[PDB]
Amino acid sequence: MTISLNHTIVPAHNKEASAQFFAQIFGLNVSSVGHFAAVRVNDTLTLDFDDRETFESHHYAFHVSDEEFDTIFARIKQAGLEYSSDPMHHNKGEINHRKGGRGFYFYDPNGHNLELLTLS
C-alpha cells in the first residue's frame, strides 16, 4: 500500500532538554525508549532525540491545523523565543502567508530549523 516515515533520529547535545523543548512547544509527551528521548508526534511518526556531540542543523516542516498553529505560536511567544517568516531568519518577529496559508520558522535549542505551516 503506502510508505510512511515511522521514526527519525534528531541529534541533540542534551536529548532530554531537546525532547522536553519540542514536547512543551507542540503539546506532546516525552518517553524514555532505549537510548532515546522519544516524542510521538501522531499515530504514525516518533521523533527519537539522541545525545550527539557534533552534527549539523536539521530542517523539519510540520503541517498543522489553524487551531494548532495559533496554540503553538502562542507558546513560542510565551516562551520568549525568536521566530522568522523566512528560512534564513533574516525577517524576525513576523510570519509568512505563502500558498494562501500561514507559516513561520523557529530554531530548537540545537539550532535545528523548525517550520510550521497551515496549507501544504
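We number the residues from 1 along the sequence you see.
- Per the PDB record, of the two stretches 46-54 and 85-93, 85-93 carries the greater mean B-factor over its C-alpha atoms.
- As recorded in the PDB entry, 100-108 is the stretch of 100-108 and 6-14 with the greater mean C-alpha temperature factor.
- In the PDB entry, a CA B factor belonging to the highest third of its chain's modelled residues is recorded for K77.
- When the CA B factors of the chain's modelled residues are split into thirds, the value for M1 lands in the highest one.
- Ranked within its chain, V33 lands in the highest third, by CA B factor from the PDB record.
- In the PDB entry, a CA B factor belonging to the lowest third of its chain's modelled residues is recorded for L114.
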